[PDB]
Each structure stands twice: as C-alpha cells, then as structure tokens.
>>> print(open('my_file-v2.txt').read())   # compact mmCIF, C-alpha atoms and all ligand atoms
# COMPACT_ATOMS: atom_id res chain seq x y z
CA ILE V 1 43.16 147.92 57.61
CA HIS V 2 45.14 144.89 58.83
CA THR V 3 48.74 144.78 60.02
CA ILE V 4 49.90 141.19 59.55
CA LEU V 5 52.78 140.14 61.80
CA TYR V 6 54.58 136.81 61.34
CA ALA V 7 57.34 135.44 63.60
CA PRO V 8 58.73 131.83 63.27
CA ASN V 9 59.25 131.72 67.07
CA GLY V 10 56.54 133.19 69.32
CA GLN V 11 54.07 135.79 68.00
CA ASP V 12 56.06 139.07 68.00
CA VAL V 13 59.61 140.53 67.56
CA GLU V 14 62.36 137.92 67.95
CA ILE V 15 65.66 139.02 69.51
CA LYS V 16 68.68 136.72 69.10
CA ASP V 17 72.20 137.15 70.49
CA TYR V 18 75.51 135.64 69.43
CA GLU V 19 78.98 135.49 70.90
CA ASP V 20 81.89 135.45 68.45
CA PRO V 21 84.87 133.90 70.35
CA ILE V 22 87.27 134.44 67.38
CA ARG V 23 86.74 138.25 67.36
CA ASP V 24 85.19 138.88 70.86
CA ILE V 25 82.08 140.51 69.45
CA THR V 26 78.57 140.15 70.84
CA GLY V 27 75.73 140.70 68.39
CA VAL V 28 72.05 141.49 68.97
CA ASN V 29 69.72 140.82 66.01
CA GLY V 30 66.01 141.54 65.64
CA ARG V 31 63.47 140.21 63.15
CA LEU V 32 59.78 140.44 62.37
CA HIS V 33 57.82 139.66 59.19
CA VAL V 34 55.23 142.33 58.40
CA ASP V 35 52.63 143.17 55.76
CA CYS V 36 49.76 145.63 55.76
CA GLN V 37 46.54 145.23 53.74
CA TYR V 38 43.19 147.00 53.44
CA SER V 39 40.25 144.60 53.82
CA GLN V 40 38.25 147.51 52.40
CA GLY V 41 40.17 150.47 50.93
CA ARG V 42 36.87 152.31 50.27
CA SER V 43 36.76 152.69 54.07
CA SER V 44 39.52 155.33 53.63
CA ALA V 45 40.02 158.79 52.09
CA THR V 46 43.31 160.69 51.65
CA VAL V 47 43.55 164.50 51.88
CA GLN V 48 45.46 165.95 48.88
CA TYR V 49 47.13 169.40 48.80
CA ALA T 1 106.74 120.05 71.66
CA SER T 2 107.40 123.53 70.25
CA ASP T 3 108.74 126.33 72.48
CA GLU T 4 106.49 128.68 74.43
CA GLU T 5 105.72 131.94 72.60
CA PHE T 6 104.46 135.40 73.58
CA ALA T 7 100.78 136.19 73.08
CA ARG T 8 100.11 138.73 70.32
CA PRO T 9 99.10 142.44 70.77
CA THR T 10 95.67 142.73 69.10
CA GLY T 11 93.00 145.32 68.26
CA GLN T 12 89.45 145.05 69.63
CA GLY T 13 87.13 143.07 67.32
CA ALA T 14 90.16 141.65 65.42
CA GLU T 15 90.52 137.88 64.79
CA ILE T 16 92.64 135.95 67.29
CA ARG T 17 95.23 134.25 65.09
CA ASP T 18 96.44 130.66 65.37
CA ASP T 19 99.88 129.73 66.59
CA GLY T 20 99.12 126.23 67.87
CA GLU T 21 101.43 123.84 69.67
CA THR T 22 103.56 122.26 66.95
CA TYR T 23 105.30 118.90 67.32
CA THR T 24 108.27 116.92 65.99
CA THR T 25 110.20 113.79 67.06
CA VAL T 26 113.74 112.65 67.57
CA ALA T 27 114.05 109.16 66.10
CA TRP T 28 116.12 106.64 67.97
CA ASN T 29 117.70 103.95 65.84
CA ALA T 30 119.42 101.60 68.27
CA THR T 31 122.76 100.42 66.84
CA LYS T 32 123.98 96.91 67.64
CA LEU T 33 127.24 97.14 69.59
CA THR T 34 129.03 93.77 69.49
CA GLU T 35 132.20 92.20 70.89
CA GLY T 36 133.65 88.71 70.31
CA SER T 37 136.52 86.62 71.71
CA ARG T 38 137.80 83.19 70.59
CA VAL T 39 139.96 80.73 72.56
CA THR T 40 141.31 77.25 71.64
CA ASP T 41 140.65 74.19 73.88
CA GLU T 42 144.41 73.73 74.58
CA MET T 43 144.71 77.42 75.53
CA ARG T 44 141.73 77.10 77.92
CA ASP T 45 143.25 73.95 79.50
CA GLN T 46 146.82 75.23 79.96
CA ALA T 47 146.11 78.80 81.20
CA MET T 48 146.27 79.36 85.01
CA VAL T 49 143.18 81.66 84.89
MG MG D 1 105.27 130.39 66.39
>>> encode(input="my_file-v2.txt", output="structure tokens")
Amino acid sequence: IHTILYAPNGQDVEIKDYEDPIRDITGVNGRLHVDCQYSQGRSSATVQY
Amino acid sequence: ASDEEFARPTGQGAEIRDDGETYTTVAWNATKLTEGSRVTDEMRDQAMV
C-alpha cells in the first residue's frame, strides 16, 4: 500500500505565512496533496464483526 | 491641504479605513490696476514744477 505525497515546493508539507496590513492579521496556511493506493489489495484482509 | 484629523478607535482584526490627505486650491486671478494722467504741452511749459 502506497501513500502518494505531492507538494509543488519541496517534497513534504508546505507552510506559508501572510501579513494583512489592512486588518493586522497574520495567517499560517498548510498544504499537502495526498492519495493512497494498493499496489496489491489481495495483500490485505479486513476483520469484520 | 486638508486639516489634521484624529485617528479612529478600531477593533482588532477590523479594516483600517481611509481618510487620506485631501487637497484644494485658492485661485489667484490678478486684476489689472491702472492709472492715467494727461497734460498739454503749454501746461507742461508754463508750470513752475
Ligand atoms: Mg476627514
């Protein structure tokens, strides 16, 4: 099972900050692009109640 | 230029509003002030001054 992580800048989570001088607010934003896929799903079994 | 004002009491995170320096003119329109005097040649000759 493969966790696929995409970031446009660097390889991992991107943190950006902004200053708003009109309102005097600082923001912190985070982004990552993520998917998950089985390469083989017959490699896995779920336990059902 | 416009008069000085008082800064505005504001909440946190609220927009700082615009009250920019505002301008006008006074227009000068220079008015021709004139004065004339006429004298005859006989007057000019005979006068002591
Ligand atoms: Mg004003």
>>> interface_residues(input="my_file-v2.txt", of="chain T", to="chain V", cutoff="10 Å", atoms="all atoms listed in the file", output="VMD selection string")
chain T and resid 11 to 17
>>> residues_near_ligand(input="my_file-v2.txt", ligand="ligand MG 1 (chain D)", cutoff="12 Å", atoms="all atoms listed in the file", output="list in words")
residues 1, 2, 3, 4, 5, 6, 7, 8, 17, 18, 19, 20, 21, 22 and 23 of chain T
>>> atom_distance(input="my_file-v2.txt", atom1="atom CA of residue V:14", atom2="atom CA of residue V:37")
22.5 Å
>>> residues_around(input="my_file-v2.txt", residues="residue V:35", least_positions_apart="2", cutoff="10 Å", atoms="all atoms listed in the file", output="list in words")
residues 2, 3, 4, 5, 6, 33 and 37 of chain V
>>> axis_aligned_box(input="my_file-v2.txt", around="stretch 10-23 of chain V", padding_each_side="8 Å", output="lines of an AutoDock Vina configuration file")
center_x = 70.7
center_y = 136.9
center_z = 69.1
size_x = 49.2
size_y = 23.3
size_z = 19.5
>>> decode(input="my_file-v2.txt", residues="stretch 6-46 of chain V", atoms="N, CA and C atoms", output="JSON list (two decimals), in the first residue's frame")
[["chain", "number", "residue", "atom", "x", "y", "z"],
["V", 6, "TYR", "N", 2.34, 14.66, -2.82],
["V", 6, "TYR", "CA", 2.77, 15.68, -3.77],
["V", 6, "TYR", "C", 2.82, 17.04, -3.07],
["V", 7, "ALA", "N", 3.92, 17.78, -3.26],
["V", 7, "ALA", "CA", 4.00, 19.19, -2.90],
["V", 7, "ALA", "C", 4.61, 19.97, -4.07],
["V", 8, "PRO", "N", 4.02, 21.12, -4.51],
["V", 8, "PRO", "CA", 4.63, 21.92, -5.58],
["V", 8, "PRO", "C", 6.01, 22.50, -5.24],
["V", 9, "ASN", "N", 6.23, 22.83, -3.95],
["V", 9, "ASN", "CA", 7.52, 23.29, -3.45],
["V", 9, "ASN", "C", 8.05, 22.28, -2.43],
["V", 10, "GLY", "N", 9.30, 21.84, -2.60],
["V", 10, "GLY", "CA", 9.87, 20.79, -1.77],
["V", 10, "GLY", "C", 9.17, 19.45, -1.97],
["V", 11, "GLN", "N", 9.24, 18.58, -0.95],
["V", 11, "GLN", "CA", 8.78, 17.20, -1.07],
["V", 11, "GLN", "C", 7.63, 16.87, -0.11],
["V", 12, "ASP", "N", 7.42, 17.74, 0.90],
["V", 12, "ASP", "CA", 6.57, 17.47, 2.06],
["V", 12, "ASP", "C", 5.73, 18.72, 2.37],
["V", 13, "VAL", "N", 5.07, 18.76, 3.54],
["V", 13, "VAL", "CA", 4.11, 19.80, 3.92],
["V", 13, "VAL", "C", 4.71, 21.19, 3.67],
["V", 14, "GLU", "N", 3.93, 22.05, 2.98],
["V", 14, "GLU", "CA", 4.34, 23.43, 2.78],
["V", 14, "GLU", "C", 3.52, 24.37, 3.67],
["V", 15, "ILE", "N", 4.27, 25.13, 4.48],
["V", 15, "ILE", "CA", 3.75, 26.15, 5.37],
["V", 15, "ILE", "C", 4.03, 27.51, 4.71],
["V", 16, "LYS", "N", 2.97, 28.33, 4.57],
["V", 16, "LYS", "CA", 3.08, 29.71, 4.11],
["V", 16, "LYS", "C", 2.48, 30.63, 5.16],
["V", 17, "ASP", "N", 3.06, 31.83, 5.27],
["V", 17, "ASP", "CA", 2.54, 32.88, 6.14],
["V", 17, "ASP", "C", 2.23, 34.12, 5.31],
["V", 18, "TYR", "N", 1.27, 34.90, 5.82],
["V", 18, "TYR", "CA", 0.91, 36.18, 5.23],
["V", 18, "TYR", "C", 0.65, 37.19, 6.34],
["V", 19, "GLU", "N", 1.04, 38.43, 6.04],
["V", 19, "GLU", "CA", 0.69, 39.59, 6.83],
["V", 19, "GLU", "C", -0.36, 40.38, 6.06],
["V", 20, "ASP", "N", -1.48, 40.67, 6.74],
["V", 20, "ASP", "CA", -2.51, 41.57, 6.23],
["V", 20, "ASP", "C", -2.33, 42.92, 6.92],
["V", 21, "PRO", "N", -1.78, 43.95, 6.22],
["V", 21, "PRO", "CA", -1.59, 45.28, 6.82],
["V", 21, "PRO", "C", -2.85, 46.14, 6.93],
["V", 22, "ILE", "N", -3.94, 45.74, 6.23],
["V", 22, "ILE", "CA", -5.22, 46.43, 6.26],
["V", 22, "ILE", "C", -5.99, 46.06, 7.54],
["V", 23, "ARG", "N", -5.84, 44.80, 7.99],
["V", 23, "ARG", "CA", -6.59, 44.28, 9.13],
["V", 23, "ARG", "C", -5.70, 43.89, 10.32],
["V", 24, "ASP", "N", -4.37, 43.89, 10.14],
["V", 24, "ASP", "CA", -3.39, 43.45, 11.14],
["V", 24, "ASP", "C", -3.65, 42.02, 11.60],
["V", 25, "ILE", "N", -3.75, 41.14, 10.60],
["V", 25, "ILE", "CA", -3.88, 39.71, 10.85],
["V", 25, "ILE", "C", -2.69, 39.02, 10.19],
["V", 26, "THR", "N", -2.06, 38.11, 10.95],
["V", 26, "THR", "CA", -1.12, 37.15, 10.40],
["V", 26, "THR", "C", -1.84, 35.81, 10.21],
["V", 27, "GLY", "N", -1.66, 35.23, 9.02],
["V", 27, "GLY", "CA", -2.12, 33.88, 8.74],
["V", 27, "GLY", "C", -0.97, 32.89, 8.62],
["V", 28, "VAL", "N", -1.24, 31.65, 9.04],
["V", 28, "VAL", "CA", -0.42, 30.48, 8.72],
["V", 28, "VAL", "C", -1.32, 29.50, 7.96],
["V", 29, "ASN", "N", -0.85, 29.06, 6.78],
["V", 29, "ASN", "CA", -1.55, 28.08, 5.95],
["V", 29, "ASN", "C", -0.64, 26.87, 5.75],
["V", 30, "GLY", "N", -1.25, 25.68, 5.74],
["V", 30, "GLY", "CA", -0.56, 24.46, 5.35],
["V", 30, "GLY", "C", -1.28, 23.74, 4.21],
["V", 31, "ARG", "N", -0.47, 23.06, 3.39],
["V", 31, "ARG", "CA", -0.95, 22.28, 2.26],
["V", 31, "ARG", "C", -0.08, 21.03, 2.10],
["V", 32, "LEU", "N", -0.74, 19.95, 1.68],
["V", 32, "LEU", "CA", -0.11, 18.81, 1.04],
["V", 32, "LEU", "C", -1.13, 18.15, 0.12],
["V", 33, "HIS", "N", -0.66, 17.57, -0.99],
["V", 33, "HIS", "CA", -1.51, 16.73, -1.83],
["V", 33, "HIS", "C", -1.23, 15.26, -1.51],
["V", 34, "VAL", "N", -2.30, 14.49, -1.30],
["V", 34, "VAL", "CA", -2.16, 13.12, -0.83],
["V", 34, "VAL", "C", -3.17, 12.21, -1.54],
["V", 35, "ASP", "N", -2.69, 11.03, -1.94],
["V", 35, "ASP", "CA", -3.53, 9.90, -2.29],
["V", 35, "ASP", "C", -2.98, 8.67, -1.57],
["V", 36, "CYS", "N", -3.81, 7.62, -1.53],
["V", 36, "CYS", "CA", -3.33, 6.32, -1.09],
["V", 36, "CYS", "C", -3.89, 5.26, -2.04],
["V", 37, "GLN", "N", -3.04, 4.30, -2.44],
["V", 37, "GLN", "CA", -3.44, 3.24, -3.37],
["V", 37, "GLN", "C", -2.80, 1.91, -2.97],
["V", 38, "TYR", "N", -3.57, 0.82, -3.05],
["V", 38, "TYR", "CA", -2.99, -0.52, -3.01],
["V", 38, "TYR", "C", -2.34, -0.82, -4.36],
["V", 39, "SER", "N", -1.09, -1.30, -4.31],
["V", 39, "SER", "CA", -0.44, -1.91, -5.47],
["V", 39, "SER", "C", -0.96, -3.34, -5.65],
["V", 40, "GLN", "N", -1.14, -4.04, -4.52],
["V", 40, "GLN", "CA", -1.95, -5.26, -4.47],
["V", 40, "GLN", "C", -2.83, -5.22, -3.23],
["V", 41, "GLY", "N", -4.16, -5.18, -3.46],
["V", 41, "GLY", "CA", -5.17, -5.25, -2.41],
["V", 41, "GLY", "C", -5.44, -6.67, -1.91],
["V", 42, "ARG", "N", -4.98, -7.69, -2.66],
["V", 42, "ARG", "CA", -5.07, -9.07, -2.19],
["V", 42, "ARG", "C", -3.95, -9.40, -1.19],
["V", 43, "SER", "N", -3.09, -8.40, -0.92],
["V", 43, "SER", "CA", -2.12, -8.47, 0.16],
["V", 43, "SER", "C", -2.77, -8.10, 1.50],
["V", 44, "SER", "N", -4.09, -7.80, 1.52],
["V", 44, "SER", "CA", -4.73, -7.35, 2.75],
["V", 44, "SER", "C", -6.09, -8.01, 2.99],
["V", 45, "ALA", "N", -6.37, -8.26, 4.29],
["V", 45, "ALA", "CA", -7.63, -8.81, 4.79],
["V", 45, "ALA", "C", -8.17, -7.91, 5.90],
["V", 46, "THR", "N", -9.48, -7.60, 5.84],
["V", 46, "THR", "CA", -10.16, -6.89, 6.93],
["V", 46, "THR", "C", -10.82, -7.90, 7.87]]
